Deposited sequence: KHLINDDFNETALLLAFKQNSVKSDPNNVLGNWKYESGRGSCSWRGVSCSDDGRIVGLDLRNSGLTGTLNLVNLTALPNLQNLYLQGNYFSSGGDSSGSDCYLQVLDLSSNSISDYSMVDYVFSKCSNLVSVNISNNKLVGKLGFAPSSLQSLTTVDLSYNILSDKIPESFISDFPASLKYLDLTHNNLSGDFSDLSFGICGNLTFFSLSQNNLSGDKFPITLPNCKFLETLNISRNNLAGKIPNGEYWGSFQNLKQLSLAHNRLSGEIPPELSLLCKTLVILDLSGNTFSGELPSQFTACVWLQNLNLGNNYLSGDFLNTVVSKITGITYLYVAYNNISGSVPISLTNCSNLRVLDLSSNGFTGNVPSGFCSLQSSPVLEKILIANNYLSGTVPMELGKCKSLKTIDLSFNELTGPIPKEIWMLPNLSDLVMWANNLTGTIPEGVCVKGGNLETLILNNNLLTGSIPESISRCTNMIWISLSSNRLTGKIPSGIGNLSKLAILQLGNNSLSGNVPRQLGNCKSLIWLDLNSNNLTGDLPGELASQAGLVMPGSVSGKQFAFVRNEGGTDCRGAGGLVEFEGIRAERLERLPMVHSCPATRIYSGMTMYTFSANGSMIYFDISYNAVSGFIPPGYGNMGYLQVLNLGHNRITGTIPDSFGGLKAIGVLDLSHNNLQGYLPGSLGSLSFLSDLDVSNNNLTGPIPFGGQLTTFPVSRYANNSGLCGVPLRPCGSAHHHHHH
């Protein structure tokens, strides 16, 4: 062990606790320049060490490597290194340093880098565990272009002079996703001659005012302060006047208020991306923004904006690709001028005050239709769905949910070749679902039509919808049998057919749907027996692609009148307040409304979560296999003709919160096994032929007497004791 070689051997024996891949297997005494990751300069001294993405675990002490006299390049990123260089130490020759994507927590290490390493061009410490507060700036490092401290735990405030004390050479500074706090207005930027990238996004910065010296950075290309606590208004006057190159601006998701200042339009000579989303802004996008000819992506969503600016302003920017205006106060008709934007890929008008017709001109001169998504949900739109929409061959998503729409759905929409999501719920739509579905048009992921006037049958053709994830037809006029072909949909997760006229028997082929976690058949005309095959995926179910979708679930204190009211709905682009215009809301006031992204309740080997067949004519016995569903939280079989006994197997319903067997023909004893269900919070066994002792264990003695009423001689607490 001699000199540099000794140093590296020290690292392998000391810094590295495990090398499962044997990447260091050739670091072995007797010349170190042939070692894996080691690169040498002509003197034969190590000029670099590249261990990236090697699966190494250990305690990094940076000074232990940087003692290497000639080392200019160090890549340890994408490993398990923790702790870090810390200490203080020898001379540092580093030019490039990448420590990202490790476990490093010791800010002392960054202090060492900012102090000693005077030839440093770039430092990436991002995606680590660094805790503590920012120290002195690296004023002595005069080649330093690039510093990425993002995705750490850094806290307290950015020191007032921190940024102004950086060397003149600084191009890129990223503080994104830390714990930083304090007044944004207290930062000084100094001369700021080279800085083209600055991001504070996802922190705790606050205050009433923008920093006076930020406008010093005349060359800033992207300025991102999004997802902070900034309050007050967007600075007007000359504040934006000196930015020469500003391309990406994001003020999004802050507390900012007032109108959007006309002076902001000074940025229009450059701006290609503007995100003002998620603030309190009112008024209009100023007319000066017609100069915004290079603007590609405009996000004004989630404010109080109103007026005609989409017409007078945004119509005029011919190259706009993405337009997000949802959750605002805009009224009037959707401007038809909007259809002059021939590069528009996404148009989100959801949750505004729009009246009048859906735009019929969206792909005219073609050349050729580029539009992917049109979202107008939760407005006041009237008339029908224009057949012209059938012209945009590129449509991936149409969302017209919760408008005043009427008439049938033109065949042309069902023949859109790329259609993925057709989401039209809470309208007055009529007609039928065509036999050509998913054959003569796109192979759909979701079809959400609940709470319309649709009639006829679910077409046997729905079986070719093999991409299908989520089907909601509830509360329509549908008749006929549930087609056995639905069993061909191996990704189907949620099927809601409730409150229709469906009849015949539930096809046993439903049990062949490998992904089904949610089945609501309630309030139909169904007869026949509960197929045993409905439980055949129990234990096998894998969490699928229905995750990550906006939903709402409306809970009510009812009750028998309240069935069919509330429950689970697709929530994209809709405000909770519009939910109160759903049917039966007077009888069934929402007691609680859950909302969010959909997430599965199991990592793997799951079952059905939710099964409601109540209010049908179903007969036969309960299949004992149903008791094998370990993740089932709702089983509602009430108001049917079901006979036989309650299966002892129901003891394996370990997740069940709601079990409604009421108003059937059940007989025999309640299974003592029911006492072992620890989450059972709602049990209704009433109006059957049941007899004998009410199990004494678990929750059974905690229920109101009404849950046991009208049976054949049940006894024991809460009823009269069995030893009468």
Deposited-sequence segments unaccounted for in the coordinates: 1-6, 37-39, 734-740
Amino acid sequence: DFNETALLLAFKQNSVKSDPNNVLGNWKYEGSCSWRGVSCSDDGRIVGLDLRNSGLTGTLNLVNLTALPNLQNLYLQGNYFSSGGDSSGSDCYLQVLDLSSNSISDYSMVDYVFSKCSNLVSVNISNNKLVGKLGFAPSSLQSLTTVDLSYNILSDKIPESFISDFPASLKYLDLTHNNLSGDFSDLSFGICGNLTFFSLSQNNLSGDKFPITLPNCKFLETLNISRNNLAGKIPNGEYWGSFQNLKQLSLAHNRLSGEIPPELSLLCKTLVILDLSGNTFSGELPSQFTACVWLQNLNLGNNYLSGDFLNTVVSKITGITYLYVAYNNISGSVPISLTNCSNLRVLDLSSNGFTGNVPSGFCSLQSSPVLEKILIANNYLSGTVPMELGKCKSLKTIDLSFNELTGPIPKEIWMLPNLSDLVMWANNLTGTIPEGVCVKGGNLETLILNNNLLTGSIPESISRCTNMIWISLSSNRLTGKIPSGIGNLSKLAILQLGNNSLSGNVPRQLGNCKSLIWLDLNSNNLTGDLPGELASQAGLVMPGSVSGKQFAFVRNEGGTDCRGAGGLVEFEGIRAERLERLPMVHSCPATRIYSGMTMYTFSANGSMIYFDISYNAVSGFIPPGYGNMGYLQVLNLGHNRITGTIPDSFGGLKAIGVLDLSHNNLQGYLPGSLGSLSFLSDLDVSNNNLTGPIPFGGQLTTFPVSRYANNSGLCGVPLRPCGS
From here on, numbers count along this sequence of modelled residues.
Mean Cα B-factor comparison, 553-561 or 479-487, giving the higher one as deposited: 553-561
Entry-level comparison of average CA B-factors, 648-656 and 335-343, reporting the higher stretch: 335-343
Residue, from 391, 116, 129, 269, that the PDB entry assigns the highest Cα B-factor: 391
Identity of residue with top Cα B-factor, from 177, 586, 641, 396: 586
Chain thirds of CA B-factor: placement of residue 414: highest
Position of residue 362 among the chain's modelled residues by C-alpha B-factor, lowest, middle or highest third: highest
Chain thirds of CA B-factor: placement of residue 148: lowest
Residue 227 by Cα B-factor - lowest, middle or highest third of the modelled chain: lowest
Relative C-alpha B-factor of residue 578, binned into the chain's lowest, middle or highest third: highest
